[PDB]
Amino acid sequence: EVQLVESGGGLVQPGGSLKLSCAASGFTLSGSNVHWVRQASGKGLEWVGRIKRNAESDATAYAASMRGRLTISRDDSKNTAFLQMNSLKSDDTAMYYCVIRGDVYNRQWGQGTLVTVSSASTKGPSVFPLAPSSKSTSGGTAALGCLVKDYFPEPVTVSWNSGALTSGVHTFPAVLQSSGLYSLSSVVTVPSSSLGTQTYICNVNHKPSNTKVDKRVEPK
């Protein structure tokens, strides 16, 4: 199998540092040119830097905006590429992507890792059920959900019935409240004839605060 594991992201304060990691599985990184591209929430794509392959003298280039604050390297013994970012500013907040330019995984992007530059502290969410009721029934369809409130930073992952329930699911983009904390709802529309028999659990994970909650949403 071919894979690109990305980590070393997360919450960091202004002026702080972060070392992002790009772990390759199934192919040798020393033979590829590794690039880094960021995307601020709802924005476009911005190249950050790259490290050429061994046969290309491991040559590095960096974005003008990241003015002598970047260090790209590779640990070939770990088969991993690194992006070291210093003196971080709030405008460096973005999803950072590792991009392979080579024989394998050519022009393909990793899932990315979210970097949040903020003076706000981590907060685990409160998970509340959005119970199905007559007010949440329209014909022979019922809607139900989970309110994932008061967390920081992003992201929050929500699944239903351990990934077995996907059809009719809408996990809403997080909205930053006036408190500086995020809140989201994840909903499901289901048949109302299944309300008393089928169990509906929402699986919430806020990795930044190590909060994992399996919440059963029951009618009434």
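Residue indices: 1-based, along the sequence shown.
Look at the C-alpha B-factors of 156-164 and of 52-60. On average they run higher in 52-60.
Annotation for 61-69 versus 27-35: the higher mean temperature factor (C-alpha) is found in 61-69. Of all the options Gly140, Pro132, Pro129, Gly124, the entry's greatest CA B-factor is assigned to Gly140.
Placement of the Cα temperature factor of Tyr97 within the chain: lowest third of the modelled residues, per the deposited record. Among the modelled residues of the chain, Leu88 sits in the middle third by CA temperature factor in this PDB entry.
Per the PDB record, residue ranking by Cα B-factor puts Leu18 in the highest third of the chain.
Ranked within its chain, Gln177 lands in the middle third, by CA B factor from the PDB record. Among the modelled residues of its chain, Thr197 has a C-alpha B-factor that falls in the highest third according to the deposited record.
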